[PDB]
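Structure data follow from target.csv (CSV, C-alpha atoms):
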```
chain,number,residue,atom,x,y,z
A,1,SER,CA,0.0,0.0,0.0
A,2,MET,CA,1.1,3.6,-0.6
A,3,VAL,CA,0.4,4.3,3.0
A,4,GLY,CA,3.2,1.9,3.8
A,5,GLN,CA,5.5,4.8,2.8
A,6,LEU,CA,4.4,7.1,5.6
A,7,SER,CA,4.8,7.2,9.4
A,8,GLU,CA,1.3,6.5,10.4
A,9,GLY,CA,0.5,7.8,13.9
A,10,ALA,CA,3.4,10.2,14.0
A,11,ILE,CA,1.1,13.2,14.2
A,12,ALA,CA,-0.7,11.8,17.2
A,13,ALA,CA,2.6,11.0,18.8
A,14,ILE,CA,3.8,14.6,18.4
A,15,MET,CA,0.4,16.1,19.5
A,16,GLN,CA,-0.4,13.8,22.4
A,17,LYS,CA,3.0,12.9,23.7
A,18,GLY,CA,5.2,15.7,22.5
A,19,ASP,CA,7.6,13.2,21.1
A,20,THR,CA,10.3,15.3,19.4
A,21,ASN,CA,12.8,12.5,18.8
A,22,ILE,CA,11.0,10.6,16.0
A,23,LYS,CA,12.1,11.3,12.4
A,24,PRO,CA,8.7,10.6,10.7
A,25,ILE,CA,8.1,10.3,6.9
A,26,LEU,CA,5.2,12.6,6.0
A,27,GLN,CA,3.5,13.8,2.8
A,28,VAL,CA,3.0,17.5,2.0
A,29,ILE,CA,-0.7,18.0,1.1
A,30,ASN,CA,-0.7,21.8,0.7
A,31,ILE,CA,1.6,24.8,1.3
A,32,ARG,CA,0.3,28.3,2.0
A,33,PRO,CA,2.5,31.4,2.5
A,34,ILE,CA,2.0,33.9,5.4
A,35,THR,CA,3.4,37.3,4.4
A,36,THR,CA,4.4,40.5,6.2
A,37,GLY,CA,6.1,43.7,5.0
A,38,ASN,CA,9.5,43.5,6.6
A,39,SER,CA,9.5,39.8,7.3
A,40,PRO,CA,10.5,36.8,4.9
A,41,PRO,CA,7.4,34.7,4.2
A,42,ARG,CA,6.5,32.0,6.6
A,43,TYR,CA,5.3,28.8,4.9
A,44,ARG,CA,2.5,26.9,6.6
A,45,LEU,CA,2.0,23.3,5.6
A,46,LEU,CA,-0.8,20.8,5.7
A,47,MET,CA,1.0,17.5,6.2
A,48,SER,CA,-0.2,13.9,6.3
A,49,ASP,CA,1.2,10.8,8.1
A,50,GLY,CA,-1.1,8.5,6.1
A,51,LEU,CA,-3.6,8.5,9.0
A,52,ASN,CA,-4.1,12.1,10.1
A,53,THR,CA,-3.5,15.5,8.6
A,54,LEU,CA,-2.4,18.5,10.6
A,55,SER,CA,-2.5,22.1,9.2
A,56,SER,CA,-0.3,23.7,11.9
A,57,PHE,CA,3.1,22.7,10.5
A,58,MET,CA,5.5,25.6,9.9
A,59,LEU,CA,8.7,25.6,7.8
A,60,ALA,CA,11.8,27.1,9.3
A,61,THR,CA,12.8,30.2,7.5
A,62,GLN,CA,16.2,28.8,6.5
A,63,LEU,CA,14.3,26.1,4.4
A,64,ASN,CA,12.3,28.7,2.4
A,65,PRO,CA,14.4,28.0,-0.7
A,66,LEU,CA,13.0,24.5,-0.9
A,67,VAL,CA,9.5,26.0,-1.4
A,68,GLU,CA,10.6,28.9,-3.6
A,69,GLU,CA,12.5,26.5,-6.0
A,70,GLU,CA,9.6,24.0,-5.9
A,71,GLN,CA,11.5,21.0,-4.5
A,72,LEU,CA,9.1,21.0,-1.5
A,73,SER,CA,5.6,21.1,-3.0
A,74,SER,CA,2.2,19.5,-2.7
A,75,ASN,CA,2.3,15.7,-2.9
A,76,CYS,CA,6.0,15.3,-2.2
A,77,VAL,CA,7.1,12.9,0.6
A,78,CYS,CA,9.7,14.1,3.1
A,79,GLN,CA,11.5,12.8,6.2
A,80,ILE,CA,11.5,15.2,9.1
A,81,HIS,CA,14.9,15.2,10.8
A,82,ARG,CA,14.4,17.9,13.4
A,83,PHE,CA,11.3,19.7,14.6
A,84,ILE,CA,10.1,21.7,17.6
A,85,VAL,CA,6.6,22.3,19.0
A,86,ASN,CA,5.7,25.8,20.0
A,87,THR,CA,2.6,26.9,22.0
A,88,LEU,CA,0.9,30.2,21.1
A,89,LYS,CA,-0.7,32.6,23.5
A,90,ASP,CA,-4.2,31.3,22.7
A,91,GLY,CA,-3.2,27.7,23.3
A,92,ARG,CA,-2.7,26.5,19.8
A,93,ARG,CA,0.4,24.6,19.0
A,94,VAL,CA,2.5,24.7,15.8
A,95,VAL,CA,5.1,22.2,14.7
A,96,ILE,CA,8.2,24.0,13.3
A,97,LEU,CA,10.1,21.9,10.8
A,98,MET,CA,13.8,22.7,11.2
A,99,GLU,CA,15.5,20.0,9.1
A,100,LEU,CA,14.1,17.7,6.5
A,101,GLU,CA,14.9,15.7,3.4
A,102,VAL,CA,12.6,15.4,0.3
A,103,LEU,CA,12.5,11.7,-0.4
A,104,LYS,CA,10.2,11.7,-3.4
A,105,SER,CA,9.2,14.7,-5.6
A,106,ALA,CA,5.6,15.7,-6.0
A,107,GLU,CA,5.7,14.5,-9.6
A,108,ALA,CA,7.0,11.0,-8.6
A,109,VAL,CA,4.2,10.5,-6.0
A,110,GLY,CA,1.4,12.0,-8.0
A,111,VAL,CA,-1.5,12.2,-5.6
A,112,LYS,CA,-2.5,12.3,-1.9
A,113,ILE,CA,-1.7,9.0,-0.3
A,114,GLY,CA,-4.5,7.2,1.4
A,115,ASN,CA,-7.5,9.0,3.0
A,116,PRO,CA,-6.2,10.7,6.2
A,117,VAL,CA,-8.6,12.6,8.5
A,118,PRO,CA,-7.8,15.9,10.2
A,119,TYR,CA,-6.3,15.7,13.6
A,120,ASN,CA,-7.9,19.0,14.6
B,1,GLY,CA,-11.9,20.0,10.3
B,2,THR,CA,-13.9,23.0,9.1
B,3,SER,CA,-11.3,25.1,7.2
B,4,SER,CA,-7.8,25.3,5.9
B,5,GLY,CA,-6.6,26.2,9.5
B,6,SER,CA,-6.9,29.1,11.9
B,7,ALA,CA,-4.8,32.0,10.8
B,8,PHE,CA,-1.7,33.4,12.5
B,9,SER,CA,-1.5,37.1,13.3
B,10,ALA,CA,1.6,39.2,13.6
B,11,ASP,CA,1.9,38.4,17.3
B,12,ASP,CA,1.7,34.6,16.6
B,13,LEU,CA,4.3,35.0,13.9
B,14,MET,CA,6.7,36.8,16.2
B,15,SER,CA,6.4,33.9,18.7
B,16,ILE,CA,7.2,31.4,15.9
B,17,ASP,CA,10.2,33.6,14.9
B,18,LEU,CA,11.5,33.5,18.4
B,19,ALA,CA,11.0,29.7,18.8
B,20,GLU,CA,13.1,29.0,15.7
B,21,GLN,CA,15.7,31.5,16.7
B,22,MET,CA,16.0,30.0,20.1
B,23,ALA,CA,16.7,26.6,18.4
B,24,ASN,CA,19.3,28.3,16.2
B,25,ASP,CA,21.0,30.0,19.2
B,26,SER,CA,21.2,26.7,21.1
B,27,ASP,CA,23.0,25.2,18.0
B,28,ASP,CA,25.8,27.7,18.6
B,29,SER,CA,26.8,25.8,21.8
B,30,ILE,CA,27.6,22.7,19.6
B,31,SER,CA,28.6,24.1,16.2
```

Output the file's structure in the form of structure tokens.
Amino acid sequence: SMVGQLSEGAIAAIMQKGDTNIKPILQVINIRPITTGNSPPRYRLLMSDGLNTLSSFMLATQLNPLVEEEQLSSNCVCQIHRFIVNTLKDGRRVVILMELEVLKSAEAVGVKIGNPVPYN
Amino acid sequence: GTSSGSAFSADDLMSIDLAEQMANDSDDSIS
């Protein structure tokens, strides 16, 4: 199964246990910029682990070239090597992707894998 | 489950900036 390529349950592990030591393989579902006048763009990502999606992933600014040169794009599969979880003033949590590797390009995967459901 | 995700205002973005910079600064103790 194509879902065999993804780290099913990694999103729940991050959200429920705060496990920051896993190196999960995830699929990018969508990418949206968040822009400000003096700041570089901040890329927000809807990611899938094959079981859940989560829309509160954020790309570290130093990885912006991956989005701007289209290597990190919707449908691609990536392995997260380092991430942190940050809690906002209102209680929401974001997962900041600090280091990753694109394992398979969007064009080599071709479609959303499986039928994941939103975690929140 | 109802939208593309709640949005992040300037204050939220400043907090995210700080979180990533704190990780970068800690790297300076090992690199």

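Using all atoms listed in the file, the nearest neighbour of chain B within the list A:4, A:114, A:9, A:41 is A:41.
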
Counting all atoms listed in the file, write as a PyMOL selection string all protein and nucleic acid residues lying at most 8 Å from (3.5, 18.2, -5.9) in the file's frame. chain A and resi 28+72-76+105-107+109-111

Residues of chain A within 7 Å of chain B, counting all atoms listed in the file - could you list those as a ChimeraX atom specification? /A:55,60,86,88,118,120

Point-to-point distance from CA of residue 44 (chain A) to CA of residue 67 (chain A), Å rounded to tenths: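 That distance, rounded to one decimal, is 10.7 Å.
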
Please list as a list in words every residue within 6 Å of residue 47 (chain A), counting only C-alpha atoms and excluding residues in the same chain fewer than 4 positions away.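 The filter keeps residues 27, 28, 29, 53 and 54 of chain A.
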
Go ahead and write the residues just picked, C-alpha atoms, as a PDB file, in the coordinates of the input.
```pdb
ATOM      1  CA  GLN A  27       3.500  13.800   2.800  1.00  0.00           C
ATOM      2  CA  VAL A  28       3.000  17.500   2.000  1.00  0.00           C
ATOM      3  CA  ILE A  29      -0.700  18.000   1.100  1.00  0.00           C
ATOM      4  CA  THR A  53      -3.500  15.500   8.600  1.00  0.00           C
ATOM      5  CA  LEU A  54      -2.400  18.500  10.600  1.00  0.00           C
TER       6      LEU A  54
END
```

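Of note, CA of residue 85 (chain A) and CA of residue 61 (chain A) are spaced 15.3 Å apart.
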
Kindly extract all protein, DNA and RNA residues lying within 6 Å of the coordinates (1.4, 22.5, 14.7) given in the file, considering only C-alpha atoms, and supply them as a short mmCIF file (atom, residue, chain, number, x, y, z; two decimals) with C-alpha atoms, keeping the file's coordinate frame.
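Full text of part_20.cif as output:
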```cif
data_model
loop_
_atom_site.label_atom_id
_atom_site.label_comp_id
_atom_site.auth_asym_id
_atom_site.auth_seq_id
_atom_site.Cartn_x
_atom_site.Cartn_y
_atom_site.Cartn_z
CA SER A 56 -0.30 23.70 11.90
CA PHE A 57 3.10 22.70 10.50
CA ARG A 93 0.40 24.60 19.00
CA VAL A 94 2.50 24.70 15.80
CA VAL A 95 5.10 22.20 14.70
#
```

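The two atoms in question, CA of residue 2 (chain A) and CA of residue 99 (chain A), are spaced 23.9 Å apart.
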